[PDB]
Amino acid sequence: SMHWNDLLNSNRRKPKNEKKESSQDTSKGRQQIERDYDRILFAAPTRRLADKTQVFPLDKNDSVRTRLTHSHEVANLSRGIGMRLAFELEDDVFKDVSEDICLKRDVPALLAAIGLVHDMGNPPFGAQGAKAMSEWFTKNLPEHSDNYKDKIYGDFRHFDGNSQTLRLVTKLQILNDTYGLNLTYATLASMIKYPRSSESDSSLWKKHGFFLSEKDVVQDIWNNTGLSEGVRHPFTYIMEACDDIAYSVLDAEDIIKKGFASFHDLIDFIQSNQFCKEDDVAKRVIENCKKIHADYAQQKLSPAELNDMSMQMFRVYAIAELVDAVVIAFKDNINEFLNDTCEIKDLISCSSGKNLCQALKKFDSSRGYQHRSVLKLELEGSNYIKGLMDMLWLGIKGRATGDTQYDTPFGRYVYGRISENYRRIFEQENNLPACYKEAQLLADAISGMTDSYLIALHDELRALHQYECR
Amino acid sequence: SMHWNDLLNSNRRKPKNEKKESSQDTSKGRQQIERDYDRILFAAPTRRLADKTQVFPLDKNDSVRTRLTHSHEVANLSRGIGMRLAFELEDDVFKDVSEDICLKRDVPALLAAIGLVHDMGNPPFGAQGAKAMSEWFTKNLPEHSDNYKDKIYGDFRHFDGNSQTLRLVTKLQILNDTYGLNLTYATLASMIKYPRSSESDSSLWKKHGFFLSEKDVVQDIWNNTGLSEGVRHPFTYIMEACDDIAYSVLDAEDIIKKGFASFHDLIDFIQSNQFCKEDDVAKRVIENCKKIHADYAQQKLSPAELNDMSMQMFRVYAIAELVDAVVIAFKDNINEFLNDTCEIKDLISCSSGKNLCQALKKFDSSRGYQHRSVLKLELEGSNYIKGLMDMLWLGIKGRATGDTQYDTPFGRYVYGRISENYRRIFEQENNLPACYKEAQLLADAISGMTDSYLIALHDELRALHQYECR
Amino acid sequence: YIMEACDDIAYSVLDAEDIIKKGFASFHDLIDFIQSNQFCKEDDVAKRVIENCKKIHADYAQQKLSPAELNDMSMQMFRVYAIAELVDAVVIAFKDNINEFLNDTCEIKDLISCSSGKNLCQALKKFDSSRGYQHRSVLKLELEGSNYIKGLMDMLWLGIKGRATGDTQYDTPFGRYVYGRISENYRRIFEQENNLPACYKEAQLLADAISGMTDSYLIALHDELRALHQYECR
Ligand SMILES: Nc1nc2c(ncn2[C@H]2C[C@H](O)[C@@H](COP(=O)(O)OP(=O)(O)OP(=O)(O)O)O2)c(=O)[nH]1
Ligand SMILES: Nc1nc2c(ncn2[C@H]2C[C@H](O)[C@@H](COP(=O)(O)OP(=O)(O)OP(=O)(O)O)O2)c(=O)[nH]1
Ligand SMILES: Nc1nc2c(ncn2[C@H]2C[C@H](O)[C@@H](COP(=O)(O)OP(=O)(O)OP(=O)(O)O)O2)c(=O)[nH]1
Ligand SMILES: [Mg+2]
Ligand SMILES: [Mg+2]
Ligand SMILES: [Mg+2]
């Protein structure tokens, strides 16, 4: 029902400049989606992703994954799946594609680009950052108050990383042209994890994928790609499956490396798992891991080195099996994915690696996400985020509504400390409600920060807030 | 006279195991060079590259480029050049290539893999780090002494990161099997930037590219790829050109971002440069930058934002021009590169972007490399490295020659602090001289450390060295 | 008028020089700002200053100098030429409008605006505001100084209010010590019997006390009184 020509649209939102000369051409024999990948890679938020943590602290020299490393791994897995689709399963998947589209250069580049940018706008301090901002907005934007009675403010009471990522990649650049990185329609369409807003009440997607401010942009993307509300781009399923596989496997690897568990602990957990006792993929992975572990034990290795090698081989085998299962599932259900009324929640659940991935997620939650150190760090990050949000709100509230409670010197300094692009977007005259604009400015300010930068700003403003507090 | 079939050899050094069932296959429809890129990406040193610095400190939240970001940018540029070669200039570049080789999947993957791993084995604290090591090896391995009189010890007196990178990817893995990551012959051949040893005296290459311990491995690579001593793989020129372009442009960008200079300063430096006054590439870049800077000045931006965006446009123009020039130069001189007696020093010199790259390097050296803060940090890193090397040599010296000066408790402790794989390699019975083995152990230990890890280890050992020092 | 014009010229030029020296901008940045300024594109004084600066900068670039040294020399020559041009313009304007200045109903706002160096001085002021006055470090220091001043003023007001009106809320030991810490001449003027309102006298005493302080002295006094204010606060 949905044609690949529209889904792989290489046009961009910004109108083409007719004054450009041949000397200003920058493509240099590159496909448009490859240019999108290059734009994402060379963006400042991509580099700042290194300073933002993923699960565990990033300053312990334990080679744990950060946002940048996780994004690169997801991009690599998506690129590999794209190579498989465009070089082996072209006939099965891309049945009707115009000759003007080079699948072998576009599909891998598109998958890599959407994988690399999938977690670009998430708040710092992991998922606890988004949770903390959601709690702060719920407390400071009460639903019973007439100013925030509207459901649109749910965009902040249930703050999502994906909506902020779309806003950042589309509107939050230095130039205020509502075009951002000016990615192709295919990349923007594939980037939308949840094609619905908080105003909508879709039961298929629990979260919302875009803010109220980006509603027109998302409508344009849907119009230029043949999609609609509630319908997810076919490559978004691949990107989500790759993200799930990557985080589930590499978080277990990081847990083993950090000493919170051991390779034998993971093997026993998978073997004793209720759904993994009879799963073929899990059985094959366990058999391969044990076979390699015997040979490794034959050699001379320290216990930590043996654990590391066994974990590495487990990662290799699990990633291979899960990627193969995901590719097979996508190939088998390609017609349903291309259907205009697709209702598949995720690609992994339709594959044979569902049980293994679910067991890995459970192991990561039980061993790593609920670890005492991780919980303490999450609480510290929540305190930092909430304190900084209160301090910034002291200098933001009333700036658009009309009240002058921000005119204190601390308020003016705090407002000046926010990045210039965010303030420029906030001061622009549009149809958004004033309270919505203030809350969006605060969310944009906090979301773009890294852990170290957020902590430093919080400490600095706490030092400068002493007089006003008393 | 060299053939692309040998240069793109996808075989690996490790003998292919015969007792492997189909259930243990992890290729999953991947080309071997793609698996090489995946192995490089998922390796622990690749993740640890984020903690290693390139020019400027990492703790500042200015989004300056680390070793990981620089390697990823180099890999992206090499991948783009490979896509251009395999999709547009296939007839001009690749002739008499076997149908078994899939150029469209191998060439971009090979270039990306060699770009990503090009700086995996460099010592921390930037280039000065390696320099510092050389100084230490010059003092503690005196040339006039009979023990260290042979030229092979020059391998440490002129320590270079490329030889250590080759050793890391070939031997310095946890599993001691002399195969390392088991990369393909094409990747290993393209990785060797300087195809000569310290003992060999060649006027073509300034530095050596491999240690004495890797002489047999390099000979095997040359035998299996058709190369020889002093002959460089054709893709190594592309990788080196991409590395030069990336560092020269992005170091200027980081200098401007850090505030050590401004966009107008760079424009004036390029315009007033003796060789860039009449250079076509430099003139075009300056014209495009000014044309876009006028339009950007039409809008309302802060001076910092204007500088940042103007230099962003400068980057997107200069990188495009330099990449196009490098591709054209490689296409034109392909016969000379394929010759068994190639003498070209670098690809950029043969290109038309030579003057712009030279001017950018001069600007980086004058403004960023010789800045006061960078010099102070380099001195601190040199002090840290030399102190740690002294403390480690206290526990390494005599471990192989036969002396017992290491038997002190501090010596045993610092020997135990070194990673187990390095000690396993050092204790293995081989033909290397004992002094060479000790020096190699120290070099492998120091090179594999990150900045923060090196500082922490130095401080800890200094704390523990108090009793024996007195 | 002459004093105000000299003050304007001095601060506008030397603040730009200090901005360049401190690294917040560069000589080429200032040259581009002046050249691209709307009112300085056709101003004769600005054109002459830019031409002289470029002519001297070429010769300086011929010599061997570090980038910081080249910036410093170019800034010094810009200061020399701009100061000369602005002073000459101010003198000419004062000489031409001397009768209006001596008029009993003079309505001239400033001497620079009547001179030919008006555009250059205005552009220099805009450059100083955009680069130096709104710099992040300057804003943070301004906020710190504001906090220090307001805290010290509250602490001193604790020991001043009511001293002349009649209320005895100052009789706490901290209030008496704070009053004793103020300079003797200010207190002697405040205690003098005159026709000023009591609240006006108290406010004037506080203003005289704070205004005569320096940065280091104000910070030290604020810290000392904060240390001595712990018991009264609780
Ligand atoms: N610190 C911490 N992180 C968690 C926890 N649970 C999940 N995470 C992390 C791991 C994953 O990156 C991610 C998993 O959450 P989701 O799968 O729901 O991600 P998202 O909603 O963005 O899209 P998705 O469901 O993957 O399609 O958050 C937890 O309990 N504690
Ligand atoms: N901190 C610091 N870094 C430098 C300095 N000079 C160069 N670098 C940076 C730039 C490069 O990424 C790298 C050295 O560049 P080179 O081209 O000279 O390296 P190499 O001799 O291996 O030749 P090649 O890269 O193959 O063209 O370190 C310096 O003086 N101080
Ligand atoms: N920290 C800071 N200082 C400023 C700023 N704007 C002006 N200044 C400084 C520079 C000058 O010394 C002086 C400029 O203010 P005025 O020209 O109004 O001085 P004033 O009113 O005393 O008399 P005048 O106008 O010169 O005749 O204050 C600012 O935005 N931040
Ligand atoms: Mg993710
Ligand atoms: Mg490099
Ligand atoms: Mg003055």
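For this deposition, the record names cryo-EM as the technique by which the model was determined and cites 2.56 Å as its resolution.

In the annotation of the PDB entry, chain C is listed under the name DNTP triphosphohydrolase and assigned to Salmonella enterica. Per the PDB header, the title for this entry is "Structure of CloA in complex with dGTP and p3diT".

Looking up chain A in the PDB entry gives the name DNTP triphosphohydrolase, with the organism given as Salmonella enterica.

So, about the interface of chain B and chain A. Of the residues lining the interface, 58 residues belong to chain B; the matching set on chain A comes to 63 residues. Together, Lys28, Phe42 and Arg47 of chain B form the three largest contributors to the area buried by chain B at its contact with chain A, with a combined 14%. Counting across the chain B and chain A interface gives six salt bridges. The partner of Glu21 of chain A in a salt bridge is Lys291 of chain B, and the shortest N-O contact between them spans 2.9 Å. Between the two partners, chain B and chain A, sit 19 residue pairs in polar contact. Ranked by the residues each element gives to the side of chain B that touches chain A, the list is headed by helix α15 (residues 303-332) of chain B, at ten residues. A class-by-class count of the residues in the side of chain B that touches chain A yields 19 nonpolar, 14 polar and 25 charged.

Moving on: the coordination of the magnesium ion (ligand 4). Six octahedral donors at a metal ideally form angles of 90 or 180 degrees, and four tetrahedral donors ideally form angles of 109.5 degrees. All names here are of chain A. The coordination sphere of the magnesium ion (ligand 4) contains the protein donors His70 (NE2), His118 (NE2), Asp119 (OD) and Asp243 (OD), at a distance range of 2.0 to 2.5 Å. The sequence motif formed by the donor residues of the magnesium ion (ligand 4) is H-x47-H-D-x123-D. One end of the pair, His70, is in helix α4 (residues 67-87); the other, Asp243, is in helix α12 (residues 234-258), with 173 residues separating them in the sequence. Taken as a pair, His70 and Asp243 share a single burial class, namely buried.

Residues and elements named next belong to chain B. Around ligand 2, a shell composed of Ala127, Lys193, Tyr194, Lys206, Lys207, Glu240, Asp244, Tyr247, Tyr369 and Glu378 is seen. Within the contact set of ligand 2, an oxygen atom lies 3.0 Å away from a side-chain nitrogen or oxygen of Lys206. At 3.1 Å, a side-chain N or O of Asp244 approaches an oxygen atom of ligand 2. Ranked by residue count, the leading element in the shell around ligand 2 is helix α12 (residues 234-258), at three residues. In the shell around ligand 2, the residues fall into four nonpolar, no polar and six charged.

Each value, and the rule that gives it
Residues numbered from 1 in each chain as written, not as in the entry; some residues may be left out. Chains lettered and ligands numbered in written order. Part of a larger assembly, values for the part shown. Heavy atoms only, no water. Contact = heavy atoms within 4.5 Å. Buried area = accessible area lost by both parts, 1.4 Å probe. Salt bridge = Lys/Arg side-chain N within 4 Å of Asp/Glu carboxyl O. Polar contact = N/O pair within 3.5 Å; in protein donor to acceptor, adjacent residues only side chain to side chain. Helix = DSSP H or I, 4+ residues; strand = E, 2+ residues; numbered from the N terminus. Nonpolar A, V, L, I, M, F, W, Y, C, P; charged D, E, K, R; others polar. Donors = N, O, S within 2.8 Å, 3.2 Å for Na, K, Ca; no water. Buried < 20%, exposed > 50% of the residue type's maximum accessible area, 1.4 Å probe, protein only. Near = heavy atom within 4 Å.

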